[PDB]
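Undergrad: Take this sequence and fold it.
(chains A, B, C, D and E)
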Amino acid sequence: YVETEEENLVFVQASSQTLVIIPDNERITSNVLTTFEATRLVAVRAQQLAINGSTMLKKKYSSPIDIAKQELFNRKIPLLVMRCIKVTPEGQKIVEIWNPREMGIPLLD
Amino acid sequence: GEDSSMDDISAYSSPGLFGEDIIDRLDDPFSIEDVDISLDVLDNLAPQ
Amino acid sequence: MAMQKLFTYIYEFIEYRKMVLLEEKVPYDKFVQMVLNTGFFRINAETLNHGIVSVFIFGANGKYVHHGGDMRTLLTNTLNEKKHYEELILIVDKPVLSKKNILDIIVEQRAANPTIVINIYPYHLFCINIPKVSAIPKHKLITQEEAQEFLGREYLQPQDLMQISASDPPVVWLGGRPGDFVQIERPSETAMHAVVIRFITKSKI
Amino acid sequence: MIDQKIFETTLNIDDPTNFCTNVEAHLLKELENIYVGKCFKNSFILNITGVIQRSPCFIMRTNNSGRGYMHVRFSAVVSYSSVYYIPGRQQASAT
Amino acid sequence: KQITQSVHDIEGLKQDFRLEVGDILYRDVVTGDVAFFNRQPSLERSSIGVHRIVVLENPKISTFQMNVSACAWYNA
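TA: Numbers count the residues shown, from 1 in each chain, chains lettered A, B, ... in the order given. Structure as follows:
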């Protein structure tokens, strides 16, 4: 083995960050769940039902994937979506916290 | 000059091509090296 | 040839720069014979800030494109003129950009006088009305507060933007500097033109 | 000598739905299971006190366990060869 | 079994005979389950798709059966 050589050119604890939350009137991300976010919410709730089992659905369902999907559809998902693109060198995390019971739901069908 | 003991044993293998001295380290243009496909499923690559 | 087109389009470039000419425009024959005569040609312009910007057009086989000491003397005495001297411009033949000695003199002079900006460009940057070329979108510089509010809306640091070299033709025609932001109206086949903002990085030499 | 020390820690929640019902009391319960009676970060933690700051119950990304972690900043009273608070132990020793 | 935190083979689970909340049961695939379906080389985004399982109870069959119109996803 010879590396065919073009040989191209070019406190271990990070400071803690304070979670700053953008006020609801300054949130610029879309108020509709992306299919990724909806899928993640359904999966997280379905696994949580798989491990806990409690539910808030008035209709009996035999499978956690169905209970979680219907919880998402009926707008009673007990999970917030934290959308975060910022970390300042100042040690501060800027996130938008979205309640999926207020966001629109994608197709998923 | 008549001794055969200390001969280069690699000399008995008569060269079979031209540029057996010509050396360039390049990828074989038929080599399936950057495609990640298993040995048994190489039959998928078979044309028809 | 490069010289006549250069002669017309350099005054076009000064016109785009929104700068008033100080020296009167000589005819083409006088300019071309002086280029061989004096080895260069000096054009002076004043900005809206009322500072002097100078331009040097060098012949391919001129005096100051061949060696170093002559080049050094020329710039040293020119920057000793009692002018505001906000920018100074060199125009040299394309291989001349690869004569590392001349760039060494220009670098060391820039070090000697840092309060003003010195730039060296080839001919092709001024051999056409670059902003009017079809393949070149409409570059424009945005002010610092407008770029700052754009970045604050996007939560972006200035270095996170796409970078544009200060040696780009349209940025030079704009007069953009490093640390300035340029807004570009680029045609698009997916959204029928779109706008981007780029960060100007130090010119390549 | 006993003293007040501020600690940083990220918990692990095995059932976030149950836990988040009574977040503060559940957090103190988890902390007194975890840190009371053990040496940790040059300190012994005799007694647990109020939490200065906490974090939303994030769901773990890199695993499919559906569990949450939460970050906690709590003050606790500690009993601070100089001294060897070997972590994970219920007694110090500087013999 | 969560109480034992160990896995068990049902050949010896005759006496337990029941499950409980918090138990994990590994059950055979049935019609209606979702399965990932892939063909190397995986060049396109559609090279890996999720199909619904249709279990063919005939033991003589060992192939993967899929509609001809589905080949365009996998270039198969």
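Undergrad: what helix or strand is the nearest residue to residue E:46 once chain neighbours are set aside on?
TA: Counting by Cβ to Cβ, 6 or more residues apart in numbering or on different chains, residue E:46 lies nearest to residue E:73, which is 4.2 Å off, once chain neighbours are set aside. Yep, even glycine has a C-beta here, placed from its N, CA and C like the rest. Per DSSP states H and E: residue E:73 is located in helix E:71-74.
Undergrad: Most proximal residue of chain D with respect to chain B?
TA: residue D:62 (23.6 Å; Cβ to the nearest Cβ).
Undergrad: mind checking the SS state of that residue?
TA: coil (DSSP: H, G, I helix; E, B strand; the rest coil).
Undergrad: measure it to residue D:55 for me?
TA: 17 Å (Cβ to Cβ, to the nearest Å).
Undergrad: Neighbour count: the two, which is higher?
TA: For residue D:62 versus residue D:55, neighbours defined as other Cβ atoms under 10 Å in any protein chain shown are more numerous around residue D:55 (14 against 5).
Undergrad: backbone phi and psi for the residue of chain D closest to chain B, please?
TA: Torsion angles at residue D:62 (phi, psi; degrees, to the nearest 10) stand at phi -70, psi 0.
Undergrad: same check, this time on residue B:43
TA: phi -70, psi -20.
Undergrad: how close does it sit to residue B:29?
TA: With the distance defined as Cβ to Cβ, residue B:43 ends up 21 Å from residue B:29.
Undergrad: for residue E:14, same thing?
TA: 63 Å.
Undergrad: what do you get for residue E:31?
TA: In terms of Cβ to Cβ, residue E:31 sits 47 Å off from residue B:29.
Undergrad: neighbour-wise, which of these two wins?
TA: Each of residue E:31 and residue B:29 has its neighbours counted (other Cβ under 10 Å); residue E:31 has more, 10 against 5.
Undergrad: Quick one: classify the more buried one as helix, strand or coil.
TA: coil.
Undergrad: I figured it hits residue E:56, correct?
TA: No - with contact defined as Cβ atoms under 8 Å, residue E:31 does not count as touching residue E:56 (9.6 Å).
Undergrad: which residues in the chain form helices?
TA: Let's take chain A. A:35-51, A:64-73 (DSSP state H).
Undergrad: Can you look at chain C instead?
TA: C:2-16, C:28-38, C:69-78, C:100-112, C:144-154, C:169-174.
Undergrad: wait, which of the ones you listed is closest to chain B?
TA: Going by Cβ to the nearest Cβ, the one of the helices of chain C nearest chain B is helix C:100-112, 33.2 Å.
Undergrad: Show me what that closest one is packed up against.
TA: Here helix C:100-112 touches helix C:69-78, strand C:117-122, going by 3 or more Cβ pairs under 8 Å, 6 or more residues apart in numbering or on different chains; DSSP states H and E.
Undergrad: Within the sheet, what are the partner strands of the shortest one, with directions?
TA: Okay, so that is strand C:117-122. Counting by DSSP bridges, the strands paired with strand C:117-122 are strand C:87-92 (parallel).
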